[PDB]
Amino acid sequence: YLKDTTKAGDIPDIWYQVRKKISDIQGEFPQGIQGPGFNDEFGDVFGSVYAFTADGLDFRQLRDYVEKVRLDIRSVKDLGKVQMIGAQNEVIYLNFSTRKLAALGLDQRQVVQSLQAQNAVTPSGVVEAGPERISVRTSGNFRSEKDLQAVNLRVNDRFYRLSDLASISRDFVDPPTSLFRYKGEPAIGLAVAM
Amino acid sequence: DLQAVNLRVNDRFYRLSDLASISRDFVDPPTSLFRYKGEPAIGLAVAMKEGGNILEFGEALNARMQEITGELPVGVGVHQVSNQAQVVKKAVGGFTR
Amino acid sequence: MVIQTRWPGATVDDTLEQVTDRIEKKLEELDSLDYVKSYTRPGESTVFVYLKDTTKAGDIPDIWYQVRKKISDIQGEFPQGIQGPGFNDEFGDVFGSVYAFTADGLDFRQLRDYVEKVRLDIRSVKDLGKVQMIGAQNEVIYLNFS
Amino acid sequence: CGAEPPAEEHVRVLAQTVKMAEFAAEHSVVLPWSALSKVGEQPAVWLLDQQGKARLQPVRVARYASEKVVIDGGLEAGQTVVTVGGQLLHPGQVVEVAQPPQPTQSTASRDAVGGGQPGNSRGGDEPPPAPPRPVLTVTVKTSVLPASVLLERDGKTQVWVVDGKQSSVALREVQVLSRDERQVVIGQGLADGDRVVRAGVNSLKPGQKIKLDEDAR
Amino acid sequence: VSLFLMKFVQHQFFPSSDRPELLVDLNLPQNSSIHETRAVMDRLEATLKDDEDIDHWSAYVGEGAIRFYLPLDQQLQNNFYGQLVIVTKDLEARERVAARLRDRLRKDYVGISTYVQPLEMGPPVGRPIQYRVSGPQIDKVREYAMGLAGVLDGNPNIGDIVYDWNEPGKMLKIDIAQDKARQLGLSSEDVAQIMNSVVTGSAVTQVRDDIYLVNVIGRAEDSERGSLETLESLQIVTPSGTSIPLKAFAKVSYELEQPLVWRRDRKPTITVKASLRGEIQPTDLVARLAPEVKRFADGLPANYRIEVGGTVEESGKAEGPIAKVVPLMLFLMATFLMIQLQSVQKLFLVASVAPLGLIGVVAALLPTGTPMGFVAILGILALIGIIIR
Amino acid sequence: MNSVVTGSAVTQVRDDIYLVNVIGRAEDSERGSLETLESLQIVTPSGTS
């Protein structure tokens, strides 16, 4: 909070000064994440907000419809900021049968390394084998739960299915951190700024 | 500097040539090609410092170019393109006329 | 404003839908902008920003800085692909005479070296703006394995 | 106030009739790699009617395309399908006569055209007088020499320039057939001042003086 | 009658530049190796290498540098864009060098988009006549762009029209069941490793041989890479020493996918640019073709939309504030006049002369057929001032 | 100790325009409430417990 005695207009300069002062010092913090949230509070004006209530459907498809709404809204004459709320970010837990894992002699960390090496490979690439532009594309990278449920291992590693070793928990929403609700019913609002 | 790299005993320490083909460095598939009079070359664009008095920067530049030519080594062909000093000269001439 | 962004190969559709779409949507909120020209390639994303021809000059750098800010934070969400704003402004505005140095039967390396020596000797001139070469060559080294 | 626009010109194109071939696929159809366009949700091509017009025909390509697309299905035995496209009008298109094997003189322009005099290049014309270039000063008492140094053109420009105190010309016309495009090795006709310039050979005039001061840093 | 005849008076926003320089651009039908671009380049070069007014000519394969802030520049469209700059002696049209080049390219290979260009004075406008068509679906916007160009080609005063990114690319789709892999002693890990060793090997540290840096890259043996034909029935080796033919693969086939798109305003779109013929101005042609094309546009789902891409947009944007500013100054000068005078009668009297002056401005313009110049759109106000004086 | 509170992190996934980061973890039949976390027969990497 700066002193309420300075003139306006130069406020961005002060913000830039802050960003500068923290940029350099950033090289000293530990491996924890860090990022300046708002050099300025853009959340100043907001027109009418709109809640899209629904039940018995995919929150994913709900957000998708809201995004389609944003795209169609862009057609309006003047538009400031458009921000959603209470979004959902599904995660995927992978519980391991530690007892059986140890029984097999291996550890899940090795499985992690193998999956990392498998995902870090792009399944496509330009080749231009002939005069015309050509490219190859395969279907082997992880994209869903089933896309990883059938992953094997080495011979000396007892190549087995993930299900045969661990429990591939279906993706689900994590413990909430911000919830929106209209008339006592869950919904998803959309604030628009002029 | 890398062709004679060894390995461990249990790793059958061998020369890279004895294992792989050390392809000599070479230029990659081009992405931007320049060419003068149908012949490959390398151009160099120079900009006049902001606020610099034009019609003189080019004079000193061509003079320095003459000296560079005096020092140009073998197999080097200097070719000037877009001598705007002359363009501006003719322009202002016709204008004042 | 030109904003380039590479990627180590991926399906063009996914490439755009992931990097280009996010960049465009995030930058859309920026004020005083008019045109957002997208450009996609097998592994390249390019953004063209055109502001409205109704604003005064002088403050243009402020808008550029705003763009840099808007993308700096959001950078922490893209995948492991490379990313870097090409030109916050187009310095390529004025250019005096250009000079081609033709040669054959020699090292392109030594050619570029001579050009660099030329740049050093040129610095001695009274006034100088930008000095940029073209068609440079970057030799690589393939290592094929048996 | 009002003028007359020029006549219409059929968009030039080079097509080719349909000829069933057994190119490894019974009655398969082959064509260059630049004769395929996607229509709707499937590949297709353009067929030309006998009455100077173009139409679209959907195809079903199954055979691989190694610079030559090979399809099977949806063909018209003896039909002039396009093999050059990418910019034609989909609904209809008045096409230009593609009957000549190469309606463009490009089939012979690569060798010779015949219009006017030829261009210029270093090695055939006289360069303008310029200050003496710091010579390559590669002379060493002597053998092999990199092919880049010597710039023998039709045997009339042997690197005769002597690497001595004057950069003069000499009678060194020795020509060894051991031309591996990497290095020239000779057993006779060699001396200490036998070496020559590397790149500035053809771009240099015989007997031209040089300067000992060389650029280095 | 003057105000009446004003209708057919043609307008143009900017003339060209008398600079003796000229440029020419080429675009290949589909994306290929840059080698093909260089091939067409060298052929055209060999064609023009000895003639009068032909000197100081350079090429550009993949990108065109910038001389002045006059034109724009296609940044990186190597596989679809090229440039050739030429310098004339006194006039590019002295001997109609541009026309000779047009005939040359005409006699040249077909399906090679080409366009001549004399430098233009003023804000960049790209092609003189363009059109943008939108669509959230690829095939839909494509077929609609085609159905639009069809009606657009009605008037023959246009040389040729060219769509944008309207061609697909030969894509290769491959996938494995992974069952035979573990059956033969292969894991997904080694699968991806091999797949990488076939396209682009792993990356290693760079080297510092000089002020520059060279990054070395690994790769498998090349006796198994380079051409698709040899990539058929490949006896791929296994990390376990074994080698089995590619028979264990599946769905390996050819597909089509356009490698170039334009998500203008986060939405796919196509830009159709067209050359001209005769001597009319793009504005007049647009006005003429406005109704029919408008109806065509109306005959399409609402989610789609068409817009112009020529120069009318820029002209209108420039003259935007003019209309919203000039009347105020008009009343300002009117009051200024009223200061010297003292009766509205004399005011209207001298004011009557102001509009009537539009007689000569058009009488000395119609026979010459000179388009209405923007500069004139400005100077007419000065004319009003002096006549009122 | 990590497998008991928050398992190790792995690569994310690209199922759509969004990204989902998958996380590993040990069996949950040993986590969830403090009461059950009393007198835990923790297993060892050597198979013992």
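Letters A, B, C, D, E and F name the chains as they come in the text, with residue numbers starting at 1 for each one.
One rule holds for everything that comes next: contacts are C-beta pairs under 8 Å (C-beta built on N, C-alpha and C of every residue); 3 or more make two chains touch, one makes a residue touch a chain.
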item	value
Chain pair showing more contacts of the two, D-E and C-F	D-E
Chain whose mean Cα position lies farthest from chain D	F
Cα-centroid distance, chain B relative to chain E, in whole angstrom	29
Centre-to-centre distance between chain E and chain C (centres being mean Cα positions), rounded to whole Å	20
Residues of chain B touching at least two other chains	21, 25, 29, 32-34, 36-39, 43, 45, 71, 73, 75-77, 81-82
Two or more partner chains touched - positions in chain D	33-34, 66, 119-120, 122, 198-199, 201, 215
In contact (per the touch rule at the top): chain pairs	A-C, A-D, A-E, A-F, B-C, B-D, B-E, C-D, C-E, C-F, D-E
Residues of chain B touching chain E in the complex	1-2, 21, 25, 29-38, 43, 45, 81-82, 87
Residues of chain B touching chain C in the complex	16, 19-28, 32-34, 36, 39-50, 52-53, 56-58, 60-61, 64-65, 67-68, 71, 73, 75-85
In the complex with chain B, residue positions of chain E that touch it	19, 33-34, 38, 41-42, 45-46, 49, 56-63, 65, 67, 76, 78, 87, 207, 214, 216, 221
Residues of chain A defined as touching chain D within the complex	130-132
Partner chain A, residues of chain E touching it in the complex	30-33, 35-36, 79, 169-176, 178, 181-182, 185, 187-189, 191-193, 195-196, 199-200, 226-228, 231, 240, 251, 259, 265-267
